[PDB]
Each structure stands twice: as structure tokens, then as C-alpha cells.
Amino acid sequence: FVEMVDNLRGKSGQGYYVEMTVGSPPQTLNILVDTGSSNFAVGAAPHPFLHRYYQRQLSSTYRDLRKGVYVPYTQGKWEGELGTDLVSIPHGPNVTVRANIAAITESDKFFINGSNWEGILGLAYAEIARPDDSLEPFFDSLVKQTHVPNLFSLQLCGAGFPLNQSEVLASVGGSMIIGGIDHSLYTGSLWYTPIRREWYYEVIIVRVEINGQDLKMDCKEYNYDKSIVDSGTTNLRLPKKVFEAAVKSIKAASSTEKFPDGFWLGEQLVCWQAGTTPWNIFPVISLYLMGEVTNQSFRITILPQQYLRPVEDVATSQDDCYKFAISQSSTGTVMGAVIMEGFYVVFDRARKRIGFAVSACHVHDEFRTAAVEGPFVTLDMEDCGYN
Ligand SMILES: COc1ccc(-c2nsc(C)c2C(=O)NC(=N)NCc2cc(Cl)c(N)c(Cl)c2)cc1
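Residues numbered from 1 in each chain as written, not as in the entry; some residues may be left out. Heavy atoms only, no water. Residues with missing side-chain atoms left out of burial classes, pairs and counts.

Trainee: Lay out the side chain of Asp 85 in plain terms, naming residues and giving numbers.
Mentor: Looking at the element boundaries, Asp 85 is found in strand β6 (residues 77–88). No salt bridge is formed by the buried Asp 85; the nearest opposite charge belongs to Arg 98, separated by 4.8 Å. Only 2.6 Å separates the side chain of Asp 85 from the side chain of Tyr 54, close enough to count as a polar contact. Each residue touching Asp 85, except ones within four places of it in the same chain, is listed here: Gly 23, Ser 24, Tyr 54, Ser 59, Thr 61, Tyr 62, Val 97, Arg 98, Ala 99 and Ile 101. (Helix = DSSP H or I, 4+ residues; strand = E, 2+ residues; numbered from the N terminus. Buried < 20%, exposed > 50% of the residue type's maximum accessible area, 1.4 Å probe, protein only. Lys, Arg positive; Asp, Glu negative; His and termini not counted. Salt bridge = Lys/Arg side-chain N within 4 Å of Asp/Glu carboxyl O. Polar contact = N/O pair within 3.5 Å; in protein donor to acceptor, adjacent residues only side chain to side chain. Contact = heavy atoms within 4.5 Å.)

Shown next as C-alpha cells:
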């Protein structure tokens, strides 16, 4: 799948995007890859943060669905006008499909300054598409209209250090393989967790460790009210109760150095003299996921190189600075970009499962590596799910 290798650009904090064209003649747009929503939507009107937008009046193949759509979130929102048009992915499978497009006409805190994407590709299932599950998501259209296998896989590559405007534009941000698995993007084995329900990409976490120490919470808490793999979220987001126990435990493990409470709230950055980030003082985090074989689980291990997100210093000095990329969630566990950066992630929609393997581009040190390991004999995993 050489054509699709290196087709992504971007970073954790502003999202990873892929190049796409919409309309006739093809209008090129950069589109945020998002496994946590289900709408294909693009800027269709001038905006302070958009360099280009979809111009329906200039597409001969544009079709107006004569229907509005409103898509709100906690952090931002957009509203637009539904329609269909021809879509291709230049560095994807060699195909053109007719798919639904939401032409965005108003937005609040959706388009991020300097992110370089002009639209969003919701890769989740119909159930959570707006306005209703009737609006066929892009990937479903793709599978129906072509011979592309019902499968895609993501390696998001964090740099491990800040990237300026010029550098993020020039760097490879990773790969989205549409229709397959590329073996060069990972090392070791692929372990699969079942997709519990086809709405978000929902999984079940059965156990959490901080430096091997069991958080010893009741299973159900880790997936209250859900647990999802979410491309378009920056942080690892943890439910209120899990977040507090996690932070208490990370604070204890890193006790030899003290940090402002604003750091632990994900607000304030911490800096160290160039090259002196004390990675070793921070614990690894292990998340155990339900396996495919009954009574069997496996674990994914992330390093502080994952949960500490590189941000450029306030006065741009030589210092290495980071934000704590774990936040409180009021709507379940979100395995965001920072987690996904550790792993090659296979969204096997055909076999209703999600694959994890150690990423060939994950940031580590010489003493410690990210890990995907198993199996473990775990019981009653089914009732860690919320209902
Ligand atoms: C910053 O604080 C946050 C607060 C809540 C949740 C969150 N909790 S659960 C779940 C499924 C989500 C989720 O929305 N994931 C996703 N890709 N949403 C779409 C989207 C992408 C962008 Cl780039 C923008 N600007 C906007 Cl507004 C929406 C995520 C982040």
C-alpha cells in the first residue's frame, strides 16, 4: 500500500489531516481525520482561519439536498447545508465516489488557527451522524461504491518535539491506509479488541496500571459512560473518578519533582533545560482491553513521551516544554491522538474489531518502549461495559 504511506500531516494538538478533492473540477482540501464523529463536512464560506473552501457554485456535479444540519460539541460547533458531490483521495485508493458533504456556513471554535485543514472526515458509524443515521457516512459510501475492503488503519506520528508552521507543513505526519494493513508501520504483533457497538469506535477497558500498580477500581468506572478510540481528540480523556485516581497515582510516582496544579489541569506547561526532561521519573500507563478469545485480555502501554505533549516555549528559548495531555472527561474514556501516537491502529470494520500494535514511529527513550502485550486471563470482562 505504498501509495498511501506518508499521506498524513499534522500533530496531536491541531489534529492529523489527509488531502482530498471535492467537486468537478476537483477542489483540493485538507481534511481532519476523525474516528470520533461521522460527518464529512467542509468549510464552504470565507473564515478568518481558512485559506481555501468548498465552492459549490463551481462544481458541476454538486447536488443540493435542500436540508440544514447542526453539529454541536462541548468544545465547539458548526452548522451547514447538506448536499452530495464526487470525492477522491489523491494519496488513497484510486477511486472517485459520490458522498454526502455538509457545506459549513457558520462555526464557533471549530476551525483552528494555523492547523491547515479545511474540513473534517468523520470515520465513525451512521448512528451518530447528524441530523440522523440516514445520512450515509463517507466510508460507508466508499465501501458500497467500490471494491475497497471494509477496513482502514492509522499511524499518527508525533514528532516528540515542537514543530513550527513551516515544519508541520513540510513533515510527514503519518499514514492512513484505506482498505488494508501496511506491515512497515508497526513492530511485534497486532492484538484485537472487539468493537462493542457500531456507533463511536467503542471498546472495553478491563484494567488500568500506573507503573504496574493496579488502580484497583471497579471495571465499570473505566468505561463510564463509554470508551472510544478518537482520532480528532488531542488528549487521553478519563472519567471524573478515574482521572482523579490516575492523577493521584502519577503524582506519587513522580513525587521527586513537584509541579504547579495548573500543570495537572492540562493548562500550564512545564519546561526543562534542553535535553534534560526527566522521563524516567514519570510512570508508564497500561490499559488492558478485552480480547477476542473468551476470558482473555491484552494491554497497551504508553510512555510519558505519549502523555506529555510537546509545546514550544512561551519565549521560544532552548527549553523542552510540555503540556500534561490527560484531562477530566464528563463523557467517558477518550483514547485520543496522544494515545494513538504510540500505536498502529487497525479499524477492522469488516470483522468488528480494533487492532493495536507498537508503532514504528512512536516516541521513546533508550530505556523504555511502548508496548502491546498479552494474553492475560481476565474474568467477567463483559460487565465492565456500561448500560
Ligand atoms: C477540546 O476539548 C474536548 C472536549 C470533549 C470531547 C469528546 N468527548 S467524547 C467524543 C466522541 C468527543 C469528540 O468530539 N471527538 C471528536 N473528533 N469530536 C469532533 C471535533 C473535532 C474538532 Cl478539531 C473541533 N474543534 C470540535 Cl468542536 C469537534 C473532545 C475534546
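Still to come is the rest of the account.
Trainee: Explain the pattern of salt bridges to me, using residue names and the numbers behind them.
Mentor: By the definition in use, this model includes 13 salt bridges. The shortest N-O distance in the salt bridge between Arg 52 and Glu 118 comes to 3.3 Å. You can see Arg 52 sitting in the loop between β4 (40–43) and β5 (63–72) and its partner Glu 118 sitting in the loop between β7 (96–108) and β8 (119–122), a full 66 residues away along the chain. With relative accessibility at 31%, the residue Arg 52 sits in the partly exposed group. Across the salt bridge formed by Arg 299 and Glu 373, the nearest N and O atoms sit 2.7 Å from each other. Taken as a pair, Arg 299 in strand β18 (residues 296–302) and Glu 373 in strand β25 (residues 371–377) lie far apart in primary sequence, 74 residues in all. Judged by relative accessible area, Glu 373 falls into the partly exposed class, the value being 35%. Ionic contacts of the salt-bridge type, sharing partners, join the residues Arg 207, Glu 209 and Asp 214 into one network.

Trainee: Any details on the domain arrangement of the chain? Residues and values, ideally.
Mentor: Its domain assignment divides the chain into domain 1 (16–148) and domain 2 (149–387). Centre-to-centre, using C-alpha coordinates, domain 1 lies 27 Å away from domain 2. Taken together, the contacts link 21 residues of domain 1 with 27 residues of domain 2. Buried area between domain 1 and domain 2, summed over both chains or domains, comes out near 2200 Å², and the portion from carbon and sulfur atoms is 63%. (Domains from an automatic or database assignment. Buried area = accessible area lost by both parts, 1.4 Å probe.)

Trainee: Tell me what's going on with the nonpolar core, and back it up with residues and numbers.
Mentor: Core analysis: the biggest nonpolar cluster contains 91 residues, and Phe 40, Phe 138, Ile 300 and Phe 356 have the highest contact counts within it. A domain-level breakdown of this core finds at least three residues from each of domain 1 (16–148) and domain 2 (149–387). With residues up to four places along the chain from it excluded, the contact list for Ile 300 reads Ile 285, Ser 286, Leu 287, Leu 289, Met 335, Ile 339, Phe 343, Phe 356, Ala 371 and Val 372. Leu 50, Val 69, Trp 78 and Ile 104 belong to the second-largest nonpolar core, a separate cluster that totals 15 residues. (Core = buried A, V, L, I, M, F, W, Y, C linked by side-chain atoms within 4.5 Å.)

Trainee: Any chance you could break down unusual backbone geometry for me, citing the residues and the numbers?
Mentor: Cis rather than trans, the peptide bond between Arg 130 and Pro 131 has omega equal to 0°. For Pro 131, the position within the fold is in the loop between β8 and α1 (138–145). Here the amide bond leading from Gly 374 into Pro 375 is cis, since omega sits at 5°, within 30 degrees of zero. One can find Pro 375 in strand β25. Even without being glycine, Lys 109 reaches a positive phi, approximately 55°. Tracing the backbone through its elements, the reader meets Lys 109 in the loop between β7 and β8. Of note, the phi angle at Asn 295 is positive, near 65°, even though the residue is not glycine. Note on placement: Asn 295 falls in the loop between β17 (285–290) and β18. The class for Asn 295 is partly exposed, based on a relative accessible area of 37%.

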